[PDB]
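S.K.: Before we start, here is the structure in question, set down as structure tokens.
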Amino acid sequence: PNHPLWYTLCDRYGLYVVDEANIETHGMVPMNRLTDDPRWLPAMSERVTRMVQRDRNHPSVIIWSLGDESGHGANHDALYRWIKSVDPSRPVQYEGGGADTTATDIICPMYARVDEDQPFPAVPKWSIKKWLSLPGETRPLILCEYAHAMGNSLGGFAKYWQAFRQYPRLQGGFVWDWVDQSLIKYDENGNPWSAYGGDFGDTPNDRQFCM
Amino acid sequence: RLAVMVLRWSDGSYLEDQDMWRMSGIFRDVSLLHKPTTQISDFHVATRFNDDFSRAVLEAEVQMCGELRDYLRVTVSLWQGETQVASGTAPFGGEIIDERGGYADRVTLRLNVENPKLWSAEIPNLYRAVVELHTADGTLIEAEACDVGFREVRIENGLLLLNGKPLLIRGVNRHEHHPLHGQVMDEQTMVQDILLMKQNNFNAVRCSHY
Ligand SMILES: CC(C)S[C@@H]1O[C@H](CO)[C@H](O)[C@H](O)[C@H]1O
Ligand SMILES: [Mg+2]
Ligand code: NA
Ligand code: NA
């Protein structure tokens, strides 16, 4: 959840918001180790429930999200239903565990390609065009993340937009991401320069991946 | 002496606007068929399966014409080569259908088949069903028959399945056409077409358009 003024500005200027619970357990092995564990349900529940209690009156918020990259655990299904019960006015989405689990109203993959399948075991990233028509599938698809804009990037961006415009159930996505997470450091003469991972003696680090 | 007056055009022609040569005449076989007065007038064969196709029930509905009699029987026997695999015998008289009763002139036979050899375009396993109309004492009146392929065709979850597996149709449309004989078909030409089709990885044909 963002600084409260963010929603006020989105209400007034006009932007659709996905408001997202502060839950990410990316580094766990497997990713759902905590989210499938009932002992972590209390802690997870408060990150979801308290977000809804704070932000449910903002018109800019159109979609709730259970968090990010925490696999798919029974705790997600429980909190999905909690939101659906408390606030019927907004769809709930969540990408973890393969982007099309029972904890999501929207097929919301990250970095699924337009035409190319990436058939990873357990959590495949189908071509988005293919994903829509999988046997029994009926939901809209909106990429929670796509077109990773790291450095000299956004190659193939037009391929997404051609597809979004051709397929009714391909309803767009959220580019990753808005702003480089570089930090200011200063040389011996006080001149500022942009620093990334590792530049503060931080180790292990993931270098320029913050930008 | 038979006299046949064949009209090239009819009100039927309005439903026969296929993209093909427009021809006319007696272009398929003519035959004479002798049936007894008490006769098999119709029969339907159905094959239904358990979830893993390890068990099947062959269901054969048989209709008769002629005088109904207590001594009348139908036997449906199923053969795999020269081996009889199943047989059912029953008198006429179907189950109750509505307030007025059932079909006195019909009978349904149900035969169990364990581990049926399944029919597909890959392995066209066939059984032979023989439908005997006879007396209780075993005097044959007449027999009809057909080739039986044990297979289930269904659409589930948006997929066309044959024997529980999703088909990939390598198909072609085929008109009945011979460059010398027009729209008259012979066995040799039919067999030639099928061999060429399968040799070129086709598994399906559409009878375009009749
Ligand atoms: C490097 C991948 C295995 S994880 C990948 O890292 C990215 C780096 O910017 C983003 O954080 C994405 O959300 C994440 O899926
Ligand atoms: Mg036509
Ligand atoms: Na669209
Ligand atoms: Na990053």
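A note on labels: chains of the structure tokens are A, B, ... as shown, every chain counts residues from 1, and ligands are counted from 1 in their shown order.
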What are the residues of chain B lining chain A at 8 Å or less? Count only C-alpha atoms, and put the answer as a PDB file with C-alpha atoms, in the first residue's frame.

M.R.:
```pdb
ATOM      1  CA  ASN B 157     -14.029 -28.718 -21.549  1.00  0.00           C
ATOM      2  CA  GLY B 158     -13.870 -27.340 -25.104  1.00  0.00           C
ATOM      3  CA  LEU B 159     -11.936 -30.308 -26.575  1.00  0.00           C
TER       4      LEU B 159
END
```

S.K.: With only C-alpha atoms and all ligand atoms counted, collect every polymer residue having an atom within 10 Å of ligand 4; state the result as a VMD selection string.

M.R.: chain A and resid 148 to 150 176 to 177 180 to 181 206 to 211

S.K.: Name all residues at most 9 Å from range 39-46 of chain A (count only C-alpha atoms; drop same-chain ones fewer than 2 positions away) and give them as a list in words.

M.R.: residues 21, 22, 23, 34, 35, 36, 37, 48, 49, 50, 51, 74, 75, 76, 78 and 79 of chain A

S.K.: When the cut-off is 8 Å and you count only C-alpha atoms and all ligand atoms, which residues lie near ligand 2, shown as a PyMOL selection string?

M.R.: chain B and resi 17-19

S.K.: Residues of the last selection are to be written out with N, CA, C and O atoms, as an mmCIF file, in the first residue's frame.

M.R.:
```cif
data_model
loop_
_atom_site.group_PDB
_atom_site.id
_atom_site.type_symbol
_atom_site.label_atom_id
_atom_site.label_comp_id
_atom_site.auth_asym_id
_atom_site.auth_seq_id
_atom_site.Cartn_x
_atom_site.Cartn_y
_atom_site.Cartn_z
ATOM 1 N N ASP B 17 -26.987 -27.233 -54.551
ATOM 2 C CA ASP B 17 -26.141 -26.240 -55.207
ATOM 3 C C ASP B 17 -24.661 -26.331 -54.805
ATOM 4 O O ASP B 17 -23.986 -25.306 -54.640
ATOM 5 N N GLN B 18 -24.167 -27.558 -54.659
ATOM 6 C CA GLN B 18 -22.755 -27.804 -54.361
ATOM 7 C C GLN B 18 -21.852 -27.334 -55.498
ATOM 8 O O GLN B 18 -22.214 -27.436 -56.675
ATOM 9 N N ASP B 19 -20.677 -26.831 -55.127
ATOM 10 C CA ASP B 19 -19.660 -26.410 -56.080
ATOM 11 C C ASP B 19 -19.007 -27.624 -56.744
ATOM 12 O O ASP B 19 -17.958 -28.123 -56.297
#
```

S.K.: At a cut-off of 9 Å and counting only C-alpha atoms and all ligand atoms, what residues surround ligand 3? Please answer as a CSV table (one decimal) with N, CA and C atoms, in the first residue's frame.

M.R.:
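Output file selection.csv follows:
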```
chain,number,residue,atom,x,y,z
A,141,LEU,N,-7.3,-11.4,-19.3
A,141,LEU,CA,-5.9,-11.4,-19.0
A,141,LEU,C,-5.3,-10.0,-19.1
A,161,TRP,N,1.0,-4.5,-27.9
A,161,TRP,CA,-0.1,-3.6,-28.2
A,161,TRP,C,-1.0,-4.0,-29.4
A,163,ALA,N,-1.4,-7.1,-30.1
A,163,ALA,CA,-2.2,-8.2,-29.6
A,163,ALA,C,-3.3,-7.7,-28.6
A,164,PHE,N,-3.0,-6.7,-27.8
A,164,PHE,CA,-4.0,-6.1,-26.9
A,164,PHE,C,-5.2,-5.6,-27.7
A,165,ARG,N,-4.9,-5.0,-28.9
A,165,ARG,CA,-6.0,-4.4,-29.7
A,165,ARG,C,-6.8,-5.4,-30.5
A,166,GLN,N,-6.1,-6.5,-30.9
A,166,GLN,CA,-6.8,-7.6,-31.6
A,166,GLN,C,-7.7,-8.5,-30.8
A,167,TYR,N,-7.3,-8.8,-29.6
A,167,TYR,CA,-8.0,-9.7,-28.7
A,167,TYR,C,-8.8,-9.0,-27.6
A,168,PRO,N,-10.2,-9.1,-27.7
A,168,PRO,CA,-11.0,-8.5,-26.6
A,168,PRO,C,-10.6,-8.9,-25.2
A,169,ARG,N,-10.3,-10.1,-24.9
A,169,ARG,CA,-9.9,-10.6,-23.5
A,169,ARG,C,-8.5,-10.3,-23.1
A,170,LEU,N,-7.6,-9.8,-24.1
A,170,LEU,CA,-6.3,-9.2,-23.7
A,170,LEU,C,-6.5,-7.8,-23.4
A,171,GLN,N,-6.6,-7.4,-22.1
A,171,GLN,CA,-7.0,-6.1,-21.7
A,171,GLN,C,-5.8,-5.2,-21.2
A,172,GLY,N,-4.6,-5.6,-21.6
A,172,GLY,CA,-3.4,-4.7,-21.4
A,172,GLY,C,-2.5,-5.3,-20.4
```
